[PDB]
């Protein structure tokens, strides 16, 4: 039983890693808004000059 | 990776003997000592590796950050305020916020790409109906 | 051993199941993350009856949640103990039925049933030895009343020797919430009587009335309703999961209750049930428990049981008691009420004892009664059905989706025949 | 996952939609610029991917004044710049112009816009359409849009909130003609129609709100509140939900009869709203009160077919059922015989929201009813009488004849209205 | 170690070259003086050993005005001083001038420059040539240059980006003659040709950029964007890279059929860019929208042969191929029967940039497609009709006769266009 429960202990760590991967995907998602806000404000003022 | 999953066959071959000869448990004590054994096996794995009323959420906007925008068209006098522009002059105040907010979240069902049909091949095996000691 | 698999559909059924699973998990001491924190060894001997073991060591309910609209299951998942259900077993549509039996039985459900029947097949086969199936649904709604009964027929065609239990909520004419309720109610009951092994009726009106009268609670709600029906459901199979003086399973109940194959509609009740202020006033004993279970005001159906005669009755007791006391209590109650008990069958009361009480209570009882008094719901439903049907109201939809008035006429005739045959034994004499 | 598309056509439609979209943004917390400072707005809005939100609405008109006012007013940033379609020449109360001459060159672009908006949504529930009937462009464009959409999309549900002219108060002098024409057009193409004559709402505003100085702002705010109460079930959790598909389940006995009339409660100002406890029984009695009906029709003159009421707030199912029991007990309100039960009631937790600078007091419990009853024949009878008084001598007819409409076209509308009246009178009889 | 040599000839060639070379230096961060502020550039530029970089471009003209403007402008310090070859007299839209009289004395210097440029480069893929077909000097010098190179270098690939006359918008009156002559010359010599008439780009700018009075600068910026989208795969990392020799190996079914027409998406101004997702499905639908072609031809009037599209940005192969499946499902796009698959996809990570003072707004996802389709026969038909109407009475033929060009030459070009039209008609039929 000790070795089997060690195996499930490993599986839980695998979940933790993949959850952090999902959080990384969210951090990637942030990029589009981060560009967009400032980029389009300046691009809209460009024609105003 | 962990060391426990490195153990291999041909090592289970003869390897000492777990109990010393001088400390044999006797019959009656073993016979009364079954229960802790059983509960150990059955929920060892549950305790180690297995381990109301509605509530409203807060309203998305805070009052101090309303920052209402000015009209693009610059009206000169109050005389020329038209009958279409009354909608939205007054910013909301402390009174007008709803106290409680009960949204719907669809993040769970914004998943499960499609329903599944088992495109597989039985493998059910039979368990027999009465006293499995005669099923193959 | 002799385990059963749970299936629920429609939002009413999902709300029923959410409370049922919470109640059973509390009974077995299972936390909503699936980890055990109970005290007694007996709490886990027969956990495989309802739960399946997963890697890591958590227990998952063997429940099939089905619906034609995803909001209901999105709601139940966010509720307490929502994490227990496996994500795989959820099956849902994207259109809904809109309380339309034709849509929920011919157009959308016919296409959607493939995945749900596949998962039922897999889960049922996976367990050791099938004992039966149980379904909870409301007869007032199109998607529920249609898809549930079609699935009942499909499962029956594949497992003819198994037993099937159904908890059906019927549209009472008093507290009516939808105008098309009689239509799909009759259409559903026609198919239900032919296939379901046991059907037990629950009335919202009667649940509300007992909440007002014996609970004397100011503002009752669907949560309390689901709690009552959940305790009633659990009491049926408690003796299956726990040892007792007289163990009795669902198959034994089925053999004991129905004299004939087509008379399998029951009405149920629970006791003791007291107001919160008088709980310490009452004296929990077998005589009080039996006078409470046989009280007509405690039945969870609108039917008045004194207007007819009992065919059979059965009582399930929880807690340790002397069997003889219960025996003469049943004997004396039957002896004085020979007028209300059909005579050509002697000793028409069955009793079973289980030694485990509900958590927080010392004795409990669940009552089931097969009586001829239920005919009144059928009569009133058929009356409303014909009143709406004579002027051909709302029939245009059901005509437009491959269905027509021929099977409506057939369903009315079948329902009338059922009522007449159920009444025929009421006047029967030896 | 659930989406619904809103159409506004005509000046009345635009002036109602502006108020309704004010209330929607206030309700969902979206600021007027469209940028916020879990997903409930999905019913009416669409996320841009990063930041602001886009309404799921289209605005149509042929005179540019109101469209320009919208494009310049404070709500400018919110709408997509290319969904406010404006023509150049007004139909000028001439239904022939708006159905045969000018609308045919704008309907194409309108349908491209509608297709592009419906493409984004995945779980389209249906359409709402708003149009004042007593206007040429309104009636004509609305009729053309309904006929085109009913064949392009087929079985999709559509709800028309028509503002019929009052029995004796009206702005124009030609509105009976185009009212009859548009009624004929929509009878075979809309699944649900709601009566919204102005005079009754004016009565309510003068009486309950205690406002002796009422204008269209209050009217539009009331209509917006009705729309929000009707649609709250799609975007707010409740003990008992309903879908727009679950309306013709209970309100449409036969395909011809699909005109219903609405009512709302409670209506009270803040100066005396806090002098009463506002019970559910009291508000539901005020709901069935004949004078609070949003349409100038008398329910006491005919039977009911079926009523559906939405409650929002902290109402209790026992409160609702006890009130319905007393309503059924009442003798003065009589239902049609072949309907044993005719009530469809829904419950939602979200209390109604208040608009700053408005007139309605903030109340924790509200009820909005839609009722279908036999009494609706009276407005049609008076409209037919007015139509006959003018068509008896071919008054104003040449203006429609000179815009491509045939002479006989009035005859079919007249016959269809006669058939409608006879159908109501024959379904109203007992068996 | 991958290089490509760029040739600009004619006023149109020079005016698009200025725009594209501004774009390239903006891409690689090189200031106009040629310095770099403190390897991808190696495709288009060459290192001087210490400091600046030299573009791999040559400018040829017989008109000194544009060359002098280039040599006096801000980019005076970028180009090598002895690769801006200028003549003395203009061809005056006369093809015989630039093909028989005045270009012969400059072609030798041009080829010497080309040899010196090609000696430095080691892994050259081929040549990109820019010219205007409706100009005498452009057509004549392009024809002579292609004839010389095709024998001088052999199997090296050459790509001609030619701007053809519009159906009715034009600036000259004799241009059908030089157009037919240039087609005759380069049909046998060009491996890939691109149609880039002006009227379609005018329509694109009017509809999308919402610019009512634009000029050639916007056209040239759009052309430069297309070229950069084409060439990014050679100088940036991508999940599926495509080379210049990887284009003709997919896009030319038969040796004669090598004229293609392009489309680019999205084309959106910043005034409404952030109101929509700019999703992969919608941009790839916009790519096949018939109105978005930069060539005034109707794709719906003929079958398709082969489409190759490059995506740049954060595109995902799932999204791209799911979109392609929907396109194949669509009915109004039909492919030729003997081409079961006709899609050549490319994926790159580098997003398109924005040029300061420009009109376009950059976006996270861009697509540029090149299509070979059977519908292109219509432009050849209309140009042949224009040619016949004028040559019926020998109009303007004497100025071509009197400069050494023999009279019978027009007949050969006419019969070769007849042969090309017959070839397209033959290949367009199903089996």
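So that you can tell them apart, the chains are marked A, B, C, D and E in the order they are listed, and the count of residues begins at 1 in each.
In this section, a contact is a pair of C-beta atoms (placed from the backbone, for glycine too) under 8 Å apart; a residue touches a chain by one contact, two chains touch by 3 or more.
A.B. asks: If you average the CA coordinates per chain, which chain's centre is most distant from that of subunit E?
C.D. replies: C
A.B. asks: If I rank A-B and A-E by number of C-beta contact pairs, which comes first?
C.D. replies: A-B
A.B. asks: Please work out the Cα centroid separation of subunit B and subunit E, and write it as a whole number of Å.
C.D. replies: Distance between chain centres, rounded to whole Å: 57 Å.
A.B. asks: If you average the Cα atoms of subunit C and of subunit E to get two centres, how far apart are those centres in Å?
C.D. replies: 76
A.B. asks: Rounded to the nearest whole Å, what is the centre-to-centre distance of subunit C and subunit D, using the mean of the C-alpha atoms as each centre?
C.D. replies: About 43 Å separates the centre of subunit C from that of subunit D.
A.B. asks: Enumerate the residues of subunit A that touch no fewer than two other chains.
C.D. replies: Correct list: 8, 12, 32, 36.
A.B. asks: Return the residues of subunit D touching two or more other chains; collapse runs of consecutive numbers into ranges.
C.D. replies: Those would be 1, 49-51, 237.
A.B. asks: For subunit B, what residues touch not just one other chain but two or more?
C.D. replies: In subunit B, residues 45, 48-49, 104-106, 109 touch at least two other chains, as defined above.
A.B. asks: According to the definition already given, which pairs of chains are in contact?
C.D. replies: Pairwise, the chains that meet the contact rule are A-B, A-C, A-D, A-E, B-C, B-D, C-D, D-E.
A.B. asks: Which part of subunit C faces subunit D closely enough to touch in the complex?
C.D. replies: Within the complex, subunit C touches subunit D at residues 69-71, 75, 94, 96, 98-100, 173, 175-182, 208, 212, 219-222, 384, 387-388, 390-391, 393-394, 396.
A.B. asks: Which of the residues in subunit C end up touching subunit A in this complex?
C.D. replies: 55-57
A.B. asks: For subunit E, which residues count as touching subunit D in their complex?
C.D. replies: Residue positions touching the partner: 271-272, 274-278.
A.B. asks: Across the complex, what residues on subunit A touch subunit C?
C.D. replies: Checking each residue of subunit A against subunit C gives 8, 11-12.
A.B. asks: Show me the residue ranges of subunit B that touch subunit C in the complex, using the header's touch definition.
C.D. replies: Of all residues in subunit B, those touching subunit C are 35, 39, 42-43, 45-52, 104-106, 108-109, 112, 115-118, 124, 127, 129.
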